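What follows is one structure encoded as structure tokens, with my remarks underneath.
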Amino acid sequence: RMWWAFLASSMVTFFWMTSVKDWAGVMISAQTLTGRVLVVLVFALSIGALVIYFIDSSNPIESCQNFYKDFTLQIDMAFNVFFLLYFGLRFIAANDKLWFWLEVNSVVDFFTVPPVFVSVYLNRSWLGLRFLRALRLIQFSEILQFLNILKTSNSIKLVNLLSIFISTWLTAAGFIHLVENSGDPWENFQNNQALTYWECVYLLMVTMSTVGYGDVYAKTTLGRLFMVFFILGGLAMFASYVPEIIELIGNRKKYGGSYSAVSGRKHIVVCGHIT
Amino acid sequence: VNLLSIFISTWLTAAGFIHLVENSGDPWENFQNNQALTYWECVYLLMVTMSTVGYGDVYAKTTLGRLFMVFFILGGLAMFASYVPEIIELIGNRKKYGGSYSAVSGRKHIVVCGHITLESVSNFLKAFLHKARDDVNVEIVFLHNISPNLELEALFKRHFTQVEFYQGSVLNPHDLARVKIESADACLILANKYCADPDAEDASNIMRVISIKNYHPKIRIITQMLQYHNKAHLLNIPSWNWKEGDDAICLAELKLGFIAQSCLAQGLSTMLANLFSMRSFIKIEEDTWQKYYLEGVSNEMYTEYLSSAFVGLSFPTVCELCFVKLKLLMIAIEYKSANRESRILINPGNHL
Amino acid sequence: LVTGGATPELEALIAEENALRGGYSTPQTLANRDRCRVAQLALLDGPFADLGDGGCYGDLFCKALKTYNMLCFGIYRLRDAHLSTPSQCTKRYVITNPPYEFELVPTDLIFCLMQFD
Amino acid sequence: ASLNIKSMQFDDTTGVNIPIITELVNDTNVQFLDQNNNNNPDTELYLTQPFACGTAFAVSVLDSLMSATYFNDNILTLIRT
């Protein structure tokens, strides 16, 4: 397996001027319609890239997708072109380039786009950490505020919760799928489990609800370790995140309703000193 | 760290017990009923169990293994029940409104302090955050040392896009730094009109003014005041520069002045209140008094520097020319003299 | 407009003692009385009475400003003046800053600023 | 009252030269008596101009007196005298 090449590429990519910075920042943020449509565009392109990820994950990880062999590879190549241009333009506008070098979106870009470039260059594609693009669905909440669709703050919060939950679900399912399709390096990739991505999603859903059927489960050592870490992270995130938001949401007025007039039945209204 | 260490220690010790029991056998079964589990596999089994997931891929088969697993379930549940309430709801507490305001570039903001309750905030937001107001790019930041109740929280949630709240005292320099009073366009101080001692509350408002001016003397402050005499205390603050925008709005003085001018000419209070208030545009076609009244309500009051073409002409001539030609009514002028400061003159005579 | 032309100097004198003190009349103080006051004028029996019978508001405004230096800035009009049928309602409403082409009725009041006499 | 006295004017001068000492409960309120443009509003109590000039008496010094009395008895016996 050539996972070493793509992993090393992504790992290496992991590690008047002010006028240009400001000019770039004008068309990237939400003050101008250009930045707004750019956000919507990168979101739609991220969704398309995730769909292409699902299609490619239907296929084995160690594939030989040549540039002209499969068109979806070319569309993903274009997706990565747009993403590369986008964060390259965002890079200059950074007031503190160090912090924006250590943001989740930048990390996704480093672990997604250079691997695609290398896969196209060698005409042999490896289904790697391309599922990280799902982390670019949280911005959906903000986008549902840009088009003037979400108005209540509680609705925006609920959409944020749903987006975060879906993103974490899909990302951890992608980790499990990648780990189990391959094998343990110290076992020379011999203990690998044929497991589709949707089976991984179902396994993750069964796990997080503490149901634990056992019909589909982690077998590889890295798979079991990732499952344990996912249980730890899910429990910790639940404990430190659901109390505030949920007990904020799960509140309703006891007597805030309106009277329903029943035909054939008179009624009187009693007010004043009611004890 | 105590929690993490004890949790990891108990996890590893239970995994070791399970490993020892499973790799050995039951002595009554001649050490035959044994299962080969690596220690890390036992760790995985213990964590799968303590999460109440129970995959069933890895489980204890020996009688001693099952017995120890049952006692581990019982002990873990008992320890969790007896331990989590105290420690976790000691740790799972966060300050609701202890944050700091983030100054968004290109967005002005004002800081509102003083008496902040449901009534005062509701009235201020109705007057300020009016729908008919078009160019309102300022963000309102309330700073008050009393956490809001349910109704005030709901009101703040309704205007979440322009209104923020922070729990702090304006007399604390740290709290003044939190709300970024340096970058604030203005500070508005609201008083409670319904109190036993208006003098003490006026003194409190003047204390707040003194604190704000001490922290940043160049900010513009607009303060509500209850009694007329107390305004004198605002002239003892050297930073108070009413020629640069610092204003005291005496509620009693203006209220009873409006009422007295209504006594002199009834309906003047309505005219004045409509002049500086913002009203949504409404169409009335049927011949009623509302149709005529709304046409007058459409007007507002503005200030403008007079063109150089008017210089040297008496006030009546300028006003008449403005009305006949420009379709403007000019009521007052700001006369600046060498002897005295600038003074407002309402309808000066022809001798000016 | 509403406090009777109170000056900051008078505020300082009040603050010095929390009281209003009398003073003997001098030309400088006797010249302080010359400021406009708010008033309501009727159109029944006066120089502008002939303006009431259908006259335009602009003509009344210009005549008042030119002759008496009174600034007319609003109409106080009977609530049922537009109605053709007679009514007993004495209540009036406010029409501030009417246009030039506004038509008057004899039963109207004028908000004006009058010079001292 | 302190600022009211400081802002007075008299016929021969002004009230900023009148010797006044003000009791203050809070240490943070001591800086309010200095109308000079103090660049740092976070200076300690003993470094403020009103405290160094003796024009403000902070009641919090009695807690320090209690601590010193604990660490040395005789000090109190001197101060009271």
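Here's how to read the names in the structure tokens: chain A, B, ... by the order shown, residue numbers from 1 in each chain, ligand numbers from 1 in the order shown.
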Practice prompt. From stretch 15-217 of chain B, collect each residue whose DSSP state is strand (DSSP E) and return the set as a PyMOL selection string.
Written response: chain B and resi 109-114+139-143+163-166+186-190
Discussion item. Give me, as JSON, numbers by chain, the residues of chain B touching chain A, with the criterion being at most 12 Å (counting only C-alpha atoms).
Written reply: {"B": [38, 40, 41, 42, 43, 44, 45, 46, 47, 48, 49, 50, 51, 52, 53, 54, 55, 56, 57, 58, 59, 84, 88, 89, 91, 92, 93, 94, 95, 96, 104, 105, 106, 107, 150, 151, 153, 154, 155, 156, 157, 158, 159, 160, 161]}
Worksheet entry | For stretch 24-26 of chain D: contacts at 12 Å, only C-alpha atoms, fewer than 5 positions along chain excluded, given as a count of residues only | 17
Discussion item. Using only C-alpha atoms and a distance of at most 8 Å, pull out the residues of chain C that contact chain B, as an MDAnalysis selection string.
Written reply: chainID C and resid 1:3 11:12 14:15 18 35:36 38:40 58 62 65:66 69:71 73 76 79:80 82 93:98 100 111 113 115
Practice prompt. Starting from chain D, keep only residues with some atom at most 8 Å from an atom of chain B, counting only C-alpha atoms, and report them as a list in words.
Written response: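 The contacting residues on chain D are residues 3, 4, 6, 7, 28, 32, 35, 37, 41 and 42 of chain D.
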For residue B:178, please output as a JSON list (two decimals) with N, CA, C and O atoms, in the first residue's frame all residues within 8 Å (counting only C-alpha atoms; exclusion window: fewer than 6 positions along the same chain).
```json
[["chain", "number", "residue", "atom", "x", "y", "z"],
["B", 99, "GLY", "N", -18.54, 36.42, 29.73],
["B", 99, "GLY", "CA", -17.68, 36.60, 28.58],
["B", 99, "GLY", "C", -17.26, 38.04, 28.37],
["B", 99, "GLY", "O", -17.56, 38.93, 29.17],
["B", 100, "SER", "N", -16.55, 38.27, 27.27],
["B", 100, "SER", "CA", -16.07, 39.59, 26.90],
["B", 100, "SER", "C", -16.53, 39.91, 25.48],
["B", 100, "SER", "O", -16.51, 39.05, 24.60],
["B", 101, "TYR", "N", -16.94, 41.16, 25.28],
["B", 101, "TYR", "CA", -17.44, 41.57, 23.98],
["B", 101, "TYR", "C", -16.32, 41.60, 22.95],
["B", 101, "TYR", "O", -15.20, 42.05, 23.23]]
```
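Note that atom CA of residue B:70 and atom CA of residue B:32 are 21.9 Å apart.
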Discussion item. Excluding residue A:157 and its own-chain neighbours fewer than 2 positions away, which residues fall within 12 Å of it when counting only C-alpha atoms? Please give them as number ranges by chain.
Written reply: A: 138, 140-142, 144-145, 150-155, 159-164, 244-246, 248-249; B: 157
Residues just named, written with N, CA and C atoms as a CSV table (one decimal), in the first residue's frame:
```csv
chain,number,residue,atom,x,y,z
A,138,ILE,N,-20.9,22.2,9.5
A,138,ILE,CA,-21.3,23.1,10.6
A,138,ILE,C,-21.6,24.5,10.1
A,140,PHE,N,-23.1,25.2,7.6
A,140,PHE,CA,-24.4,25.2,7.1
A,140,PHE,C,-25.3,26.0,8.0
A,141,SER,N,-25.2,25.9,9.3
A,141,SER,CA,-26.0,26.7,10.2
A,141,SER,C,-25.9,28.2,9.9
A,142,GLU,N,-24.6,28.7,9.8
A,142,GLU,CA,-24.4,30.1,9.5
A,142,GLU,C,-25.0,30.4,8.1
A,144,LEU,N,-27.6,29.0,6.8
A,144,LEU,CA,-29.1,29.2,7.0
A,144,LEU,C,-29.5,30.5,7.6
A,145,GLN,N,-28.5,31.2,8.1
A,145,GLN,CA,-28.7,32.6,8.6
A,145,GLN,C,-28.4,33.6,7.5
A,150,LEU,N,-33.4,31.4,8.8
A,150,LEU,CA,-33.4,31.1,10.2
A,150,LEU,C,-33.5,32.4,11.0
A,151,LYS,N,-34.5,32.6,11.8
A,151,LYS,CA,-34.7,33.8,12.5
A,151,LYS,C,-34.6,33.6,14.1
A,152,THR,N,-35.3,32.6,14.6
A,152,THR,CA,-35.2,32.4,16.0
A,152,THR,C,-33.8,31.9,16.4
A,153,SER,N,-33.3,32.4,17.5
A,153,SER,CA,-32.0,32.0,18.0
A,153,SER,C,-32.0,30.5,18.4
A,154,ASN,N,-33.1,30.0,18.9
A,154,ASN,CA,-33.3,28.6,19.3
A,154,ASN,C,-33.2,27.7,18.1
A,155,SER,N,-33.8,28.2,17.0
A,155,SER,CA,-33.8,27.4,15.8
A,155,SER,C,-32.4,27.3,15.2
A,159,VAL,N,-30.2,23.8,14.8
A,159,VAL,CA,-29.6,23.5,13.5
A,159,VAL,C,-28.1,23.3,13.8
A,160,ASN,N,-27.5,24.1,14.6
A,160,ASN,CA,-26.0,23.9,15.0
A,160,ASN,C,-25.8,22.5,15.6
A,161,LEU,N,-26.6,22.2,16.6
A,161,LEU,CA,-26.5,20.9,17.2
A,161,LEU,C,-26.7,19.7,16.2
A,162,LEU,N,-27.7,19.8,15.3
A,162,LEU,CA,-27.9,18.8,14.3
A,162,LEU,C,-26.7,18.7,13.4
A,163,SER,N,-26.1,19.8,13.0
A,163,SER,CA,-25.0,19.8,12.0
A,163,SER,C,-23.8,19.2,12.7
A,164,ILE,N,-23.5,19.6,14.0
A,164,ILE,CA,-22.4,19.1,14.7
A,164,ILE,C,-22.5,17.6,14.9
A,244,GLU,N,-26.2,22.1,29.3
A,244,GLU,CA,-26.5,23.5,29.0
A,244,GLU,C,-27.6,23.6,27.9
A,245,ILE,N,-27.2,23.1,26.7
A,245,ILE,CA,-28.1,23.4,25.5
A,245,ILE,C,-29.4,22.7,25.7
A,246,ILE,N,-29.4,21.4,26.1
A,246,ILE,CA,-30.7,20.6,26.1
A,246,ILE,C,-31.6,21.2,27.2
A,248,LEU,N,-31.6,24.1,28.2
A,248,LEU,CA,-32.1,25.3,27.7
A,248,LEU,C,-33.3,25.1,26.8
A,249,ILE,N,-33.2,24.1,25.9
A,249,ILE,CA,-34.2,23.9,24.9
A,249,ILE,C,-35.4,23.2,25.5
B,157,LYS,N,-33.1,37.4,23.8
B,157,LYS,CA,-33.1,36.3,22.8
B,157,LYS,C,-33.8,36.8,21.5
```
Item to complete: Could you jot down the atom CA of residue B:278 to atom CA of residue B:132 separation for me, Å, one decimal place?
Response: 6.4 Å
Discussion item. One decimal, in Å: what's the spacing between atom CA of residue A:114 and atom CA of residue A:43?
Written reply: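 These atoms are spaced 19.3 Å apart.
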Practice prompt. As number ranges by chain, please: all residues of chain D that backbone DSSP puts in alpha helix (DSSP H).
Written response: D: 2-6, 49-52, 61-71, 73-80
Based on the selection just made, write N, CA and C atoms of those residues as a PDB file, in the first residue's frame.
```pdb
ATOM      1  N   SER D   2     -16.758  65.794  47.871  1.00  0.00           N
ATOM      2  CA  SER D   2     -15.361  66.123  47.605  1.00  0.00           C
ATOM      3  C   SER D   2     -15.219  66.914  46.310  1.00  0.00           C
ATOM      4  N   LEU D   3     -15.857  66.443  45.236  1.00  0.00           N
ATOM      5  CA  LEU D   3     -15.786  67.156  43.965  1.00  0.00           C
ATOM      6  C   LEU D   3     -16.533  68.483  44.020  1.00  0.00           C
ATOM      7  N   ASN D   4     -17.641  68.545  44.764  1.00  0.00           N
ATOM      8  CA  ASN D   4     -18.353  69.805  44.924  1.00  0.00           C
ATOM      9  C   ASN D   4     -17.471  70.850  45.593  1.00  0.00           C
ATOM     10  N   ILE D   5     -16.718  70.448  46.618  1.00  0.00           N
ATOM     11  CA  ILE D   5     -15.788  71.371  47.261  1.00  0.00           C
ATOM     12  C   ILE D   5     -14.650  71.732  46.314  1.00  0.00           C
ATOM     13  N   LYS D   6     -14.122  70.745  45.585  1.00  0.00           N
ATOM     14  CA  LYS D   6     -12.982  70.992  44.710  1.00  0.00           C
ATOM     15  C   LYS D   6     -13.334  71.916  43.551  1.00  0.00           C
ATOM     16  N   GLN D  49      -2.364  59.018  43.476  1.00  0.00           N
ATOM     17  CA  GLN D  49      -2.029  60.351  43.972  1.00  0.00           C
ATOM     18  C   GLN D  49      -2.828  60.748  45.209  1.00  0.00           C
ATOM     19  N   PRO D  50      -4.155  60.564  45.271  1.00  0.00           N
ATOM     20  CA  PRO D  50      -4.872  60.956  46.498  1.00  0.00           C
ATOM     21  C   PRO D  50      -4.401  60.229  47.743  1.00  0.00           C
ATOM     22  N   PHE D  51      -4.014  58.956  47.627  1.00  0.00           N
ATOM     23  CA  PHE D  51      -3.541  58.229  48.800  1.00  0.00           C
ATOM     24  C   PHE D  51      -2.160  58.709  49.228  1.00  0.00           C
ATOM     25  N   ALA D  52      -1.250  58.890  48.268  1.00  0.00           N
ATOM     26  CA  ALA D  52       0.099  59.338  48.601  1.00  0.00           C
ATOM     27  C   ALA D  52       0.097  60.741  49.189  1.00  0.00           C
ATOM     28  N   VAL D  61      -7.106  49.971  55.414  1.00  0.00           N
ATOM     29  CA  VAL D  61      -5.830  49.918  56.117  1.00  0.00           C
ATOM     30  C   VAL D  61      -5.976  49.307  57.503  1.00  0.00           C
ATOM     31  N   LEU D  62      -7.197  49.244  58.037  1.00  0.00           N
ATOM     32  CA  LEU D  62      -7.385  48.641  59.352  1.00  0.00           C
ATOM     33  C   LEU D  62      -7.248  47.125  59.298  1.00  0.00           C
ATOM     34  N   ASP D  63      -7.551  46.508  58.155  1.00  0.00           N
ATOM     35  CA  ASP D  63      -7.275  45.083  58.000  1.00  0.00           C
ATOM     36  C   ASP D  63      -5.775  44.808  58.022  1.00  0.00           C
ATOM     37  N   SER D  64      -4.991  45.657  57.357  1.00  0.00           N
ATOM     38  CA  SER D  64      -3.540  45.531  57.430  1.00  0.00           C
ATOM     39  C   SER D  64      -3.043  45.788  58.845  1.00  0.00           C
ATOM     40  N   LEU D  65      -3.692  46.710  59.561  1.00  0.00           N
ATOM     41  CA  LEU D  65      -3.350  46.929  60.961  1.00  0.00           C
ATOM     42  C   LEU D  65      -3.622  45.682  61.795  1.00  0.00           C
ATOM     43  N   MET D  66      -4.738  45.003  61.530  1.00  0.00           N
ATOM     44  CA  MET D  66      -5.039  43.756  62.228  1.00  0.00           C
ATOM     45  C   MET D  66      -3.989  42.690  61.938  1.00  0.00           C
ATOM     46  N   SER D  67      -3.583  42.566  60.671  1.00  0.00           N
ATOM     47  CA  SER D  67      -2.556  41.589  60.322  1.00  0.00           C
ATOM     48  C   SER D  67      -1.234  41.905  61.019  1.00  0.00           C
ATOM     49  N   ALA D  68      -0.831  43.177  61.012  1.00  0.00           N
ATOM     50  CA  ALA D  68       0.402  43.570  61.686  1.00  0.00           C
ATOM     51  C   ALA D  68       0.310  43.336  63.188  1.00  0.00           C
ATOM     52  N   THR D  69      -0.865  43.585  63.773  1.00  0.00           N
ATOM     53  CA  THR D  69      -1.064  43.319  65.192  1.00  0.00           C
ATOM     54  C   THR D  69      -0.909  41.836  65.494  1.00  0.00           C
ATOM     55  N   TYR D  70      -1.423  40.977  64.613  1.00  0.00           N
ATOM     56  CA  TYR D  70      -1.198  39.546  64.785  1.00  0.00           C
ATOM     57  C   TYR D  70       0.287  39.217  64.727  1.00  0.00           C
ATOM     58  N   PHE D  71       0.995  39.774  63.744  1.00  0.00           N
ATOM     59  CA  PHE D  71       2.409  39.445  63.595  1.00  0.00           C
ATOM     60  C   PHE D  71       3.281  40.150  64.627  1.00  0.00           C
ATOM     61  N   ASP D  73       2.484  42.390  68.345  1.00  0.00           N
ATOM     62  CA  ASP D  73       1.529  43.044  69.235  1.00  0.00           C
ATOM     63  C   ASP D  73       1.893  44.507  69.459  1.00  0.00           C
ATOM     64  N   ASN D  74       3.161  44.768  69.790  1.00  0.00           N
ATOM     65  CA  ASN D  74       3.572  46.093  70.244  1.00  0.00           C
ATOM     66  C   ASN D  74       3.214  47.180  69.241  1.00  0.00           C
ATOM     67  N   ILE D  75       3.184  46.841  67.949  1.00  0.00           N
ATOM     68  CA  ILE D  75       2.873  47.833  66.924  1.00  0.00           C
ATOM     69  C   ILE D  75       1.542  48.503  67.232  1.00  0.00           C
ATOM     70  N   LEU D  76       0.518  47.699  67.527  1.00  0.00           N
ATOM     71  CA  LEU D  76      -0.778  48.273  67.866  1.00  0.00           C
ATOM     72  C   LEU D  76      -0.659  49.199  69.067  1.00  0.00           C
ATOM     73  N   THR D  77       0.063  48.761  70.101  1.00  0.00           N
ATOM     74  CA  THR D  77       0.216  49.587  71.293  1.00  0.00           C
ATOM     75  C   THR D  77       0.874  50.917  70.963  1.00  0.00           C
ATOM     76  N   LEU D  78       1.733  50.950  69.943  1.00  0.00           N
ATOM     77  CA  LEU D  78       2.293  52.226  69.519  1.00  0.00           C
ATOM     78  C   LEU D  78       1.244  53.065  68.802  1.00  0.00           C
ATOM     79  N   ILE D  79       0.514  52.452  67.867  1.00  0.00           N
ATOM     80  CA  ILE D  79      -0.393  53.216  67.015  1.00  0.00           C
ATOM     81  C   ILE D  79      -1.480  53.871  67.853  1.00  0.00           C
ATOM     82  N   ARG D  80      -2.094  53.095  68.751  1.00  0.00           N
ATOM     83  CA  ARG D  80      -3.117  53.646  69.632  1.00  0.00           C
ATOM     84  C   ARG D  80      -2.585  54.817  70.441  1.00  0.00           C
TER      85      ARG D  80
END
```
Residue contacts of stretch 33-40 of chain A (8 Å, only C-alpha atoms) excluding same-chain residues fewer than 6 positions away, as an mmCIF file with N, CA, C and O atoms, in the first residue's frame:
```
data_model
loop_
_atom_site.group_PDB
_atom_site.id
_atom_site.type_symbol
_atom_site.label_atom_id
_atom_site.label_comp_id
_atom_site.auth_asym_id
_atom_site.auth_seq_id
_atom_site.Cartn_x
_atom_site.Cartn_y
_atom_site.Cartn_z
ATOM 1 N N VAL A 26 -11.817 41.488 2.232
ATOM 2 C CA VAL A 26 -13.086 42.101 1.848
ATOM 3 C C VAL A 26 -13.993 41.084 1.163
ATOM 4 O O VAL A 26 -15.197 41.021 1.440
ATOM 5 N N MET A 27 -13.435 40.266 0.270
ATOM 6 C CA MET A 27 -14.215 39.338 -0.538
ATOM 7 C C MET A 27 -14.310 37.942 0.070
ATOM 8 O O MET A 27 -14.725 37.005 -0.620
ATOM 9 N N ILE A 143 -24.921 29.498 7.173
ATOM 10 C CA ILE A 143 -25.488 29.743 5.854
ATOM 11 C C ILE A 143 -27.002 29.840 5.934
ATOM 12 O O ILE A 143 -27.616 30.660 5.240
ATOM 13 N N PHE A 146 -27.572 33.285 6.517
ATOM 14 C CA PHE A 146 -27.199 34.248 5.485
ATOM 15 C C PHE A 146 -28.347 34.503 4.515
ATOM 16 O O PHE A 146 -28.576 35.645 4.104
#
```
